[PDB]
file my_file.cif (mmCIF, N, CA and C atoms)
data_input
#
loop_
_atom_site.label_atom_id
_atom_site.label_comp_id
_atom_site.auth_asym_id
_atom_site.auth_seq_id
_atom_site.Cartn_x
_atom_site.Cartn_y
_atom_site.Cartn_z
N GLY L 1 -31.25 9.87 -17.37
CA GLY L 1 -31.31 10.62 -16.14
C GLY L 1 -30.23 10.23 -15.15
N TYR L 2 -30.23 8.98 -14.72
CA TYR L 2 -29.32 8.52 -13.69
C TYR L 2 -28.12 7.83 -14.31
N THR L 3 -26.93 8.29 -13.94
CA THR L 3 -25.69 7.72 -14.43
C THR L 3 -24.99 7.00 -13.29
N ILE L 4 -24.78 5.70 -13.45
CA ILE L 4 -24.13 4.88 -12.44
C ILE L 4 -22.69 4.69 -12.87
N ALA L 5 -21.77 5.31 -12.15
CA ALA L 5 -20.35 5.12 -12.38
C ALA L 5 -19.85 4.06 -11.41
N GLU L 6 -19.12 3.08 -11.91
CA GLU L 6 -18.72 1.97 -11.07
C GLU L 6 -17.52 1.28 -11.69
N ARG L 7 -16.89 0.43 -10.90
CA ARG L 7 -15.87 -0.48 -11.38
C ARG L 7 -16.44 -1.88 -11.35
N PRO L 8 -16.48 -2.58 -12.45
CA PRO L 8 -17.28 -3.80 -12.59
C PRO L 8 -16.59 -5.06 -12.08
N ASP L 9 -16.14 -5.02 -10.83
CA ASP L 9 -15.47 -6.16 -10.21
C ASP L 9 -15.55 -6.01 -8.70
N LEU L 10 -15.84 -7.12 -8.03
CA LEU L 10 -15.98 -7.17 -6.59
C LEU L 10 -14.73 -7.83 -6.03
N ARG L 11 -13.74 -7.02 -5.68
CA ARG L 11 -12.45 -7.56 -5.28
C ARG L 11 -12.52 -8.13 -3.87
N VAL L 12 -11.99 -9.35 -3.72
CA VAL L 12 -12.03 -10.07 -2.46
C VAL L 12 -10.60 -10.32 -1.99
N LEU L 13 -10.41 -10.36 -0.68
CA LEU L 13 -9.09 -10.57 -0.09
C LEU L 13 -9.30 -11.32 1.22
N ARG L 14 -9.20 -12.64 1.17
CA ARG L 14 -9.29 -13.43 2.39
C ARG L 14 -7.96 -13.38 3.12
N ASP L 15 -8.04 -13.28 4.45
CA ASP L 15 -6.94 -12.80 5.28
C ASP L 15 -6.58 -13.85 6.33
N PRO L 16 -5.91 -14.93 5.94
CA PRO L 16 -5.52 -15.93 6.94
C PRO L 16 -4.44 -15.46 7.90
N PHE L 17 -4.00 -14.20 7.81
CA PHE L 17 -2.84 -13.75 8.57
C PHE L 17 -3.16 -12.81 9.72
N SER L 18 -4.08 -11.86 9.57
CA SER L 18 -4.28 -10.86 10.62
C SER L 18 -4.83 -11.50 11.88
N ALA L 19 -6.02 -12.08 11.80
CA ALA L 19 -6.61 -12.82 12.91
C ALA L 19 -6.23 -14.28 12.73
N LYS L 20 -5.22 -14.72 13.48
CA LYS L 20 -4.56 -15.98 13.15
C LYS L 20 -5.48 -17.20 13.20
N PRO L 21 -6.33 -17.40 14.20
CA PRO L 21 -7.24 -18.54 14.17
C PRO L 21 -8.49 -18.33 13.32
N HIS L 22 -8.61 -17.20 12.62
CA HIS L 22 -9.75 -16.92 11.76
C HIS L 22 -9.26 -16.62 10.34
N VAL L 23 -10.21 -16.35 9.44
CA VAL L 23 -9.89 -16.14 8.04
C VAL L 23 -10.17 -14.70 7.60
N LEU L 24 -11.21 -14.07 8.13
CA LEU L 24 -11.41 -12.63 7.96
C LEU L 24 -11.53 -12.25 6.49
N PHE L 25 -12.59 -12.75 5.85
CA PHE L 25 -12.86 -12.40 4.46
C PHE L 25 -13.13 -10.92 4.34
N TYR L 26 -12.64 -10.31 3.26
CA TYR L 26 -12.82 -8.88 3.03
C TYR L 26 -13.25 -8.67 1.59
N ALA L 27 -14.44 -8.12 1.40
CA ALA L 27 -14.99 -7.85 0.08
C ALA L 27 -15.37 -6.38 -0.02
N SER L 28 -15.07 -5.78 -1.16
CA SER L 28 -15.34 -4.37 -1.39
C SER L 28 -15.62 -4.16 -2.87
N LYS L 29 -16.57 -3.28 -3.17
CA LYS L 29 -16.83 -2.88 -4.54
C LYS L 29 -17.04 -1.37 -4.58
N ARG L 30 -16.61 -0.76 -5.68
CA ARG L 30 -16.65 0.68 -5.84
C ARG L 30 -17.78 1.07 -6.78
N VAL L 31 -18.60 2.02 -6.35
CA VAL L 31 -19.78 2.41 -7.11
C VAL L 31 -20.10 3.86 -6.77
N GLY L 32 -20.82 4.53 -7.66
CA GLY L 32 -21.25 5.89 -7.42
C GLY L 32 -22.22 6.33 -8.48
N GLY L 33 -22.93 7.42 -8.20
CA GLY L 33 -23.82 7.96 -9.21
C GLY L 33 -24.93 8.87 -8.74
N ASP L 34 -25.24 9.89 -9.53
CA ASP L 34 -26.42 10.72 -9.28
C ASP L 34 -27.05 11.06 -10.63
N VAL L 35 -28.04 11.95 -10.60
CA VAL L 35 -28.73 12.35 -11.82
C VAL L 35 -27.78 13.16 -12.69
N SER L 36 -27.57 12.71 -13.92
CA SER L 36 -26.81 13.48 -14.88
C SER L 36 -27.68 14.39 -15.72
N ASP L 37 -28.96 14.08 -15.86
CA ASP L 37 -29.89 14.87 -16.67
C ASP L 37 -31.13 15.15 -15.82
N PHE L 38 -31.26 16.38 -15.34
CA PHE L 38 -32.40 16.74 -14.51
C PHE L 38 -33.69 16.83 -15.30
N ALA L 39 -33.64 16.75 -16.63
CA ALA L 39 -34.85 16.79 -17.43
C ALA L 39 -35.46 15.42 -17.62
N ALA L 40 -34.68 14.35 -17.47
CA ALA L 40 -35.11 13.01 -17.83
C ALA L 40 -35.85 12.30 -16.71
N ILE L 41 -36.15 12.98 -15.62
CA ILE L 41 -36.83 12.36 -14.49
C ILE L 41 -37.89 13.31 -13.99
N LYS L 42 -39.10 12.80 -13.80
CA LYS L 42 -40.19 13.55 -13.19
C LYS L 42 -40.71 12.75 -12.02
N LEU L 43 -41.29 13.45 -11.05
CA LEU L 43 -41.73 12.83 -9.81
C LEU L 43 -43.21 13.08 -9.61
N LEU L 44 -43.84 12.23 -8.80
CA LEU L 44 -45.24 12.37 -8.45
C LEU L 44 -45.35 12.62 -6.96
N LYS L 45 -45.75 13.83 -6.59
CA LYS L 45 -45.84 14.24 -5.19
C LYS L 45 -47.29 14.17 -4.76
N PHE L 46 -47.53 13.67 -3.56
CA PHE L 46 -48.88 13.42 -3.08
C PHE L 46 -49.39 14.53 -2.17
N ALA L 47 -48.89 15.75 -2.33
CA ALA L 47 -49.32 16.83 -1.44
C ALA L 47 -50.61 17.49 -1.90
N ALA L 48 -50.56 18.18 -3.03
CA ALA L 48 -51.67 19.04 -3.45
C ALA L 48 -51.35 19.75 -4.75
N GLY C 1 40.43 2.33 1.12
CA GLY C 1 40.26 2.55 2.54
C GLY C 1 38.94 2.03 3.07
N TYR C 2 37.86 2.25 2.33
CA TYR C 2 36.52 1.92 2.78
C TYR C 2 35.91 0.87 1.87
N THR C 3 35.27 -0.13 2.48
CA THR C 3 34.63 -1.21 1.75
C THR C 3 33.15 -1.23 2.10
N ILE C 4 32.31 -1.38 1.09
CA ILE C 4 30.87 -1.49 1.25
C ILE C 4 30.44 -2.88 0.81
N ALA C 5 29.62 -3.53 1.62
CA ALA C 5 29.07 -4.84 1.31
C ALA C 5 27.56 -4.71 1.27
N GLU C 6 26.94 -5.18 0.19
CA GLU C 6 25.52 -4.97 0.02
C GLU C 6 24.95 -6.04 -0.89
N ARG C 7 23.62 -6.13 -0.89
CA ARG C 7 22.90 -6.92 -1.87
C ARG C 7 22.27 -5.98 -2.88
N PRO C 8 22.61 -6.08 -4.15
CA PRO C 8 22.23 -5.04 -5.12
C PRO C 8 20.77 -5.12 -5.53
N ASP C 9 19.87 -5.03 -4.55
CA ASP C 9 18.45 -5.08 -4.85
C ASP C 9 17.69 -4.40 -3.73
N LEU C 10 16.38 -4.30 -3.92
CA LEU C 10 15.47 -3.73 -2.94
C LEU C 10 14.30 -4.68 -2.83
N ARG C 11 14.13 -5.31 -1.68
CA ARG C 11 13.08 -6.30 -1.50
C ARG C 11 11.84 -5.63 -0.93
N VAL C 12 10.84 -5.42 -1.78
CA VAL C 12 9.58 -4.81 -1.38
C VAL C 12 8.54 -5.90 -1.19
N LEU C 13 7.92 -5.92 -0.02
CA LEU C 13 6.86 -6.88 0.29
C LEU C 13 5.61 -6.07 0.63
N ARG C 14 4.68 -5.97 -0.31
CA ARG C 14 3.43 -5.29 -0.03
C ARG C 14 2.55 -6.19 0.82
N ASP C 15 1.90 -5.59 1.81
CA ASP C 15 1.16 -6.33 2.84
C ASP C 15 -0.25 -5.78 2.94
N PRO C 16 -1.18 -6.28 2.14
CA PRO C 16 -2.56 -5.80 2.19
C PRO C 16 -3.34 -6.23 3.41
N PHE C 17 -2.70 -6.86 4.39
CA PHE C 17 -3.39 -7.53 5.48
C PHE C 17 -3.31 -6.81 6.82
N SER C 18 -2.20 -6.13 7.12
CA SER C 18 -2.10 -5.47 8.42
C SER C 18 -3.04 -4.28 8.52
N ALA C 19 -2.82 -3.27 7.69
CA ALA C 19 -3.78 -2.18 7.52
C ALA C 19 -4.68 -2.58 6.36
N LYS C 20 -5.96 -2.83 6.66
CA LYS C 20 -6.78 -3.53 5.68
C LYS C 20 -7.10 -2.68 4.45
N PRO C 21 -7.60 -1.45 4.58
CA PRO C 21 -7.85 -0.64 3.39
C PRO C 21 -6.61 0.02 2.79
N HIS C 22 -5.42 -0.35 3.23
CA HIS C 22 -4.15 0.16 2.71
C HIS C 22 -3.28 -1.02 2.28
N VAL C 23 -2.05 -0.74 1.85
CA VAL C 23 -1.24 -1.79 1.26
C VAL C 23 0.09 -1.98 1.99
N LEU C 24 0.61 -0.92 2.60
CA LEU C 24 1.71 -1.04 3.57
C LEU C 24 2.94 -1.73 2.97
N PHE C 25 3.56 -1.05 2.01
CA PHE C 25 4.76 -1.58 1.36
C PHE C 25 5.90 -1.66 2.36
N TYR C 26 6.51 -2.83 2.48
CA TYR C 26 7.62 -3.05 3.40
C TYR C 26 8.85 -3.38 2.58
N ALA C 27 9.73 -2.40 2.41
CA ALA C 27 10.92 -2.53 1.59
C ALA C 27 12.16 -2.45 2.47
N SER C 28 13.16 -3.26 2.16
CA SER C 28 14.35 -3.33 3.01
C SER C 28 15.51 -3.89 2.20
N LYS C 29 16.51 -3.06 1.91
CA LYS C 29 17.78 -3.56 1.42
C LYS C 29 18.79 -3.55 2.55
N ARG C 30 19.73 -4.47 2.49
CA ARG C 30 20.68 -4.67 3.57
C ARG C 30 22.09 -4.39 3.08
N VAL C 31 22.77 -3.48 3.77
CA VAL C 31 24.06 -2.96 3.36
C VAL C 31 24.92 -2.76 4.60
N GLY C 32 26.22 -2.94 4.44
CA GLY C 32 27.14 -2.71 5.54
C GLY C 32 28.51 -2.37 5.02
N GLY C 33 29.31 -1.74 5.87
CA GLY C 33 30.67 -1.43 5.48
C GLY C 33 31.43 -0.56 6.45
N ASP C 34 32.69 -0.89 6.71
CA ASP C 34 33.58 -0.04 7.48
C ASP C 34 34.92 0.04 6.78
N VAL C 35 35.87 0.73 7.40
CA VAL C 35 37.18 0.88 6.78
C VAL C 35 37.89 -0.46 6.78
N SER C 36 38.49 -0.80 5.65
CA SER C 36 39.24 -2.04 5.53
C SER C 36 40.74 -1.83 5.43
N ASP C 37 41.19 -0.65 5.01
CA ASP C 37 42.61 -0.33 4.89
C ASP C 37 42.82 0.99 5.64
N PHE C 38 43.19 0.90 6.91
CA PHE C 38 43.27 2.06 7.78
C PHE C 38 44.34 3.06 7.37
N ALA C 39 45.26 2.67 6.51
CA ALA C 39 46.30 3.60 6.08
C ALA C 39 45.84 4.54 4.99
N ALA C 40 44.67 4.29 4.40
CA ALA C 40 44.22 4.98 3.20
C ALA C 40 43.23 6.10 3.48
N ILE C 41 43.07 6.51 4.73
CA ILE C 41 42.16 7.60 5.07
C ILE C 41 42.80 8.44 6.15
N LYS C 42 43.10 9.70 5.84
CA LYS C 42 43.61 10.65 6.82
C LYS C 42 42.53 11.68 7.11
N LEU C 43 42.71 12.40 8.21
CA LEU C 43 41.70 13.34 8.68
C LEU C 43 42.35 14.67 9.05
N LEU C 44 41.50 15.67 9.26
CA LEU C 44 41.95 17.02 9.62
C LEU C 44 41.22 17.45 10.89
N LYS C 45 41.81 17.16 12.04
CA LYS C 45 41.23 17.59 13.30
C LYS C 45 41.61 19.04 13.55
N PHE C 46 40.67 19.79 14.12
CA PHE C 46 40.83 21.22 14.30
C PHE C 46 41.22 21.60 15.72
N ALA C 47 41.82 20.69 16.48
CA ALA C 47 42.03 20.98 17.89
C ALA C 47 43.28 21.83 18.12
N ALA C 48 44.45 21.29 17.80
CA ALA C 48 45.72 21.95 18.09
C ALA C 48 46.89 21.14 17.57
#

call {"tool": "encode", "arguments": {"input": "my_file.cif", "output": "structure tokens"}}
result
Amino acid sequence: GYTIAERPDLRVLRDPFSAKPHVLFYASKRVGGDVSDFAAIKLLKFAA
Amino acid sequence: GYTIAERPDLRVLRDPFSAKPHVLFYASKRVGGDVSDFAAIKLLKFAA
């Protein structure tokens, strides 16, 4: 049902240069995903 | 007549730190030159 597309690495870039008296760590990871198969998932609704 | 002085390269310094989600390539080659033998270049002025 759910397909998770992603890049399997959390790239880090510590920045001793921009904010000179600080270090300014920068971490980013790329991920995405929605239902690829609408048949493979069913839900339980509590209405009626 | 004309002499060019240069460094035969292109120095690219990518800077992932100034603009954080960008890379900001900073490239700079240095070149200079003027006429070295003034007798070897004539011109055609259109005045009179």

call {"tool": "atom_distance", "arguments": {"input": "my_file.cif", "atom1": "atom CA of residue 18 of chain L", "atom2": "atom C of residue 28 of chain C"}}
result
22.6 Å

call {"tool": "residues_near_point", "arguments": {"input": "my_file.cif", "point": "(30.9, 0.6, 1.4)", "cutoff": "5 Å", "atoms": "all atoms listed in the file", "output": "list in words"}}
result
residues 3, 4, 5 and 33 of chain C

call {"tool": "resolve_selection", "arguments": {"input": "my_file.cif", "expression": "the PyMOL selection byres ((chain L and resi 11) around 7)", "output": "PyMOL selection string"}}
result
chain L and resi 9-10+12-13+26-30

call {"tool": "residues_around", "arguments": {"input": "my_file.cif", "residues": "residue 17 of chain C", "least_positions_apart": "3", "cutoff": "6.5 Å", "atoms": "only N, CA and C atoms", "output": "count of residues only"}}
result
6

call {"tool": "resolve_selection", "arguments": {"input": "my_file.cif", "expression": "the PyMOL selection byres ((chain L and resi 34-39) around 5)", "output": "ChimeraX atom specification"}}
result
/L:1-3,32-33,40-41

call {"tool": "write_last_selection", "arguments": {"input": "my_file.cif", "atoms": "N, CA and C atoms", "output": "PDB file, in the coordinates of the input"}}
result
ATOM      1  N   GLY L   1     -31.250   9.870 -17.370  1.00  0.00           N
ATOM      2  CA  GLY L   1     -31.310  10.620 -16.140  1.00  0.00           C
ATOM      3  C   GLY L   1     -30.230  10.230 -15.150  1.00  0.00           C
ATOM      4  N   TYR L   2     -30.230   8.980 -14.720  1.00  0.00           N
ATOM      5  CA  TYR L   2     -29.320   8.520 -13.690  1.00  0.00           C
ATOM      6  C   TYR L   2     -28.120   7.830 -14.310  1.00  0.00           C
ATOM      7  N   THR L   3     -26.930   8.290 -13.940  1.00  0.00           N
ATOM      8  CA  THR L   3     -25.690   7.720 -14.430  1.00  0.00           C
ATOM      9  C   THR L   3     -24.990   7.000 -13.290  1.00  0.00           C
ATOM     10  N   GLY L  32     -20.820   4.530  -7.660  1.00  0.00           N
ATOM     11  CA  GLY L  32     -21.250   5.890  -7.420  1.00  0.00           C
ATOM     12  C   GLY L  32     -22.220   6.330  -8.480  1.00  0.00           C
ATOM     13  N   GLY L  33     -22.930   7.420  -8.200  1.00  0.00           N
ATOM     14  CA  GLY L  33     -23.820   7.960  -9.210  1.00  0.00           C
ATOM     15  C   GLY L  33     -24.930   8.870  -8.740  1.00  0.00           C
ATOM     16  N   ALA L  40     -34.680  14.350 -17.470  1.00  0.00           N
ATOM     17  CA  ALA L  40     -35.110  13.010 -17.830  1.00  0.00           C
ATOM     18  C   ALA L  40     -35.850  12.300 -16.710  1.00  0.00           C
ATOM     19  N   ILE L  41     -36.150  12.980 -15.620  1.00  0.00           N
ATOM     20  CA  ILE L  41     -36.830  12.360 -14.490  1.00  0.00           C
ATOM     21  C   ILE L  41     -37.890  13.310 -13.990  1.00  0.00           C
TER      22      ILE L  41
END

call {"tool": "atom_distance", "arguments": {"input": "my_file.cif", "atom1": "atom C of residue 19 of chain L", "atom2": "atom N of residue 19 of chain C"}}
result
12.6 Å

call {"tool": "atom_distance", "arguments": {"input": "my_file.cif", "atom1": "atom CA of residue 31 of chain L", "atom2": "atom CA of residue 44 of chain L"}}
result
27.4 Å

call {"tool": "select_by_dssp", "arguments": {"input": "my_file.cif", "residues": "segment 9-47 of chain L", "states": "strand (DSSP E or B)", "output": "PyMOL selection string"}}
result
chain L and resi 11-12+27-28+31-35

call {"tool": "write_last_selection", "arguments": {"input": "my_file.cif", "atoms": "N, CA and C atoms", "output": "mmCIF file, in the coordinates of the input"}}
result
data_model
loop_
_atom_site.group_PDB
_atom_site.id
_atom_site.type_symbol
_atom_site.label_atom_id
_atom_site.label_comp_id
_atom_site.auth_asym_id
_atom_site.auth_seq_id
_atom_site.Cartn_x
_atom_site.Cartn_y
_atom_site.Cartn_z
ATOM 1 N N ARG L 11 -13.740 -7.020 -5.680
ATOM 2 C CA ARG L 11 -12.450 -7.560 -5.280
ATOM 3 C C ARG L 11 -12.520 -8.130 -3.870
ATOM 4 N N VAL L 12 -11.990 -9.350 -3.720
ATOM 5 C CA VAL L 12 -12.030 -10.070 -2.460
ATOM 6 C C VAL L 12 -10.600 -10.320 -1.990
ATOM 7 N N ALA L 27 -14.440 -8.120 1.400
ATOM 8 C CA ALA L 27 -14.990 -7.850 0.080
ATOM 9 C C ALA L 27 -15.370 -6.380 -0.020
ATOM 10 N N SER L 28 -15.070 -5.780 -1.160
ATOM 11 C CA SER L 28 -15.340 -4.370 -1.390
ATOM 12 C C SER L 28 -15.620 -4.160 -2.870
ATOM 13 N N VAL L 31 -18.600 2.020 -6.350
ATOM 14 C CA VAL L 31 -19.780 2.410 -7.110
ATOM 15 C C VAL L 31 -20.100 3.860 -6.770
ATOM 16 N N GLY L 32 -20.820 4.530 -7.660
ATOM 17 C CA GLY L 32 -21.250 5.890 -7.420
ATOM 18 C C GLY L 32 -22.220 6.330 -8.480
ATOM 19 N N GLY L 33 -22.930 7.420 -8.200
ATOM 20 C CA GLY L 33 -23.820 7.960 -9.210
ATOM 21 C C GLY L 33 -24.930 8.870 -8.740
ATOM 22 N N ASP L 34 -25.240 9.890 -9.530
ATOM 23 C CA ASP L 34 -26.420 10.720 -9.280
ATOM 24 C C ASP L 34 -27.050 11.060 -10.630
ATOM 25 N N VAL L 35 -28.040 11.950 -10.600
ATOM 26 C CA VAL L 35 -28.730 12.350 -11.820
ATOM 27 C C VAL L 35 -27.780 13.160 -12.690
#

call {"tool": "closest_residue", "arguments": {"input": "my_file.cif", "among": "C:16, C:48, C:25, C:42", "to": "chain L", "atoms": "all atoms listed in the file"}}
result
C:16

call {"tool": "build_atoms", "arguments": {"input": "my_file.cif", "residues": "segment 26-45 of chain C", "atoms": "N, CA, C and O atoms", "output": "PDB file, in the frame of the given file"}}
result
ATOM      1  N   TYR C  26       6.510  -2.830   2.480  1.00  0.00           N
ATOM      2  CA  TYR C  26       7.620  -3.050   3.400  1.00  0.00           C
ATOM      3  C   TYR C  26       8.850  -3.380   2.580  1.00  0.00           C
ATOM      4  O   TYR C  26       9.004  -4.505   2.095  1.00  0.00           O
ATOM      5  N   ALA C  27       9.730  -2.400   2.410  1.00  0.00           N
ATOM      6  CA  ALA C  27      10.920  -2.530   1.590  1.00  0.00           C
ATOM      7  C   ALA C  27      12.160  -2.450   2.470  1.00  0.00           C
ATOM      8  O   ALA C  27      12.198  -1.649   3.409  1.00  0.00           O
ATOM      9  N   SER C  28      13.160  -3.260   2.160  1.00  0.00           N
ATOM     10  CA  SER C  28      14.350  -3.330   3.010  1.00  0.00           C
ATOM     11  C   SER C  28      15.510  -3.890   2.200  1.00  0.00           C
ATOM     12  O   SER C  28      15.504  -5.071   1.861  1.00  0.00           O
ATOM     13  N   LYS C  29      16.510  -3.060   1.910  1.00  0.00           N
ATOM     14  CA  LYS C  29      17.780  -3.560   1.420  1.00  0.00           C
ATOM     15  C   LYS C  29      18.790  -3.550   2.550  1.00  0.00           C
ATOM     16  O   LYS C  29      18.713  -2.723   3.459  1.00  0.00           O
ATOM     17  N   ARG C  30      19.730  -4.470   2.490  1.00  0.00           N
ATOM     18  CA  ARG C  30      20.680  -4.670   3.570  1.00  0.00           C
ATOM     19  C   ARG C  30      22.090  -4.390   3.080  1.00  0.00           C
ATOM     20  O   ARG C  30      22.552  -4.992   2.109  1.00  0.00           O
ATOM     21  N   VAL C  31      22.770  -3.480   3.770  1.00  0.00           N
ATOM     22  CA  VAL C  31      24.060  -2.960   3.360  1.00  0.00           C
ATOM     23  C   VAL C  31      24.920  -2.760   4.600  1.00  0.00           C
ATOM     24  O   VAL C  31      24.407  -2.489   5.686  1.00  0.00           O
ATOM     25  N   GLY C  32      26.220  -2.940   4.440  1.00  0.00           N
ATOM     26  CA  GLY C  32      27.140  -2.710   5.540  1.00  0.00           C
ATOM     27  C   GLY C  32      28.510  -2.370   5.020  1.00  0.00           C
ATOM     28  O   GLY C  32      28.845  -2.670   3.868  1.00  0.00           O
ATOM     29  N   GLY C  33      29.310  -1.740   5.870  1.00  0.00           N
ATOM     30  CA  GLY C  33      30.670  -1.430   5.480  1.00  0.00           C
ATOM     31  C   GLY C  33      31.430  -0.560   6.450  1.00  0.00           C
ATOM     32  O   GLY C  33      30.894   0.433   6.948  1.00  0.00           O
ATOM     33  N   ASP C  34      32.690  -0.890   6.710  1.00  0.00           N
ATOM     34  CA  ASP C  34      33.580  -0.040   7.480  1.00  0.00           C
ATOM     35  C   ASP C  34      34.920   0.040   6.780  1.00  0.00           C
ATOM     36  O   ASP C  34      35.113  -0.532   5.702  1.00  0.00           O
ATOM     37  N   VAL C  35      35.870   0.730   7.400  1.00  0.00           N
ATOM     38  CA  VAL C  35      37.180   0.880   6.780  1.00  0.00           C
ATOM     39  C   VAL C  35      37.890  -0.460   6.780  1.00  0.00           C
ATOM     40  O   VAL C  35      37.870  -1.200   7.771  1.00  0.00           O
ATOM     41  N   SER C  36      38.490  -0.800   5.650  1.00  0.00           N
ATOM     42  CA  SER C  36      39.240  -2.040   5.530  1.00  0.00           C
ATOM     43  C   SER C  36      40.740  -1.830   5.430  1.00  0.00           C
ATOM     44  O   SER C  36      41.493  -2.756   5.731  1.00  0.00           O
ATOM     45  N   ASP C  37      41.190  -0.650   5.010  1.00  0.00           N
ATOM     46  CA  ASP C  37      42.610  -0.330   4.890  1.00  0.00           C
ATOM     47  C   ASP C  37      42.820   0.990   5.640  1.00  0.00           C
ATOM     48  O   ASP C  37      42.676   2.067   5.061  1.00  0.00           O
ATOM     49  N   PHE C  38      43.190   0.900   6.910  1.00  0.00           N
ATOM     50  CA  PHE C  38      43.270   2.060   7.780  1.00  0.00           C
ATOM     51  C   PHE C  38      44.340   3.060   7.370  1.00  0.00           C
ATOM     52  O   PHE C  38      44.337   4.183   7.877  1.00  0.00           O
ATOM     53  N   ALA C  39      45.260   2.670   6.510  1.00  0.00           N
ATOM     54  CA  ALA C  39      46.300   3.600   6.080  1.00  0.00           C
ATOM     55  C   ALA C  39      45.840   4.540   4.990  1.00  0.00           C
ATOM     56  O   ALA C  39      46.554   5.492   4.673  1.00  0.00           O
ATOM     57  N   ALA C  40      44.670   4.290   4.400  1.00  0.00           N
ATOM     58  CA  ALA C  40      44.220   4.980   3.200  1.00  0.00           C
ATOM     59  C   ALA C  40      43.230   6.100   3.480  1.00  0.00           C
ATOM     60  O   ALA C  40      42.601   6.577   2.538  1.00  0.00           O
ATOM     61  N   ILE C  41      43.070   6.510   4.730  1.00  0.00           N
ATOM     62  CA  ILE C  41      42.160   7.600   5.070  1.00  0.00           C
ATOM     63  C   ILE C  41      42.800   8.440   6.150  1.00  0.00           C
ATOM     64  O   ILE C  41      43.011   7.961   7.269  1.00  0.00           O
ATOM     65  N   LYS C  42      43.100   9.700   5.840  1.00  0.00           N
ATOM     66  CA  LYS C  42      43.610  10.650   6.820  1.00  0.00           C
ATOM     67  C   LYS C  42      42.530  11.680   7.110  1.00  0.00           C
ATOM     68  O   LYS C  42      41.558  11.818   6.370  1.00  0.00           O
ATOM     69  N   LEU C  43      42.710  12.400   8.210  1.00  0.00           N
ATOM     70  CA  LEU C  43      41.700  13.340   8.680  1.00  0.00           C
ATOM     71  C   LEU C  43      42.350  14.670   9.050  1.00  0.00           C
ATOM     72  O   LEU C  43      43.566  14.786   9.137  1.00  0.00           O
ATOM     73  N   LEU C  44      41.500  15.670   9.260  1.00  0.00           N
ATOM     74  CA  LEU C  44      41.950  17.020   9.620  1.00  0.00           C
ATOM     75  C   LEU C  44      41.220  17.450  10.890  1.00  0.00           C
ATOM     76  O   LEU C  44      40.153  18.057  10.823  1.00  0.00           O
ATOM     77  N   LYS C  45      41.810  17.160  12.040  1.00  0.00           N
ATOM     78  CA  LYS C  45      41.230  17.590  13.300  1.00  0.00           C
ATOM     79  C   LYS C  45      41.610  19.040  13.550  1.00  0.00           C
ATOM     80  O   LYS C  45      42.716  19.467  13.241  1.00  0.00           O
TER      81      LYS C  45
END
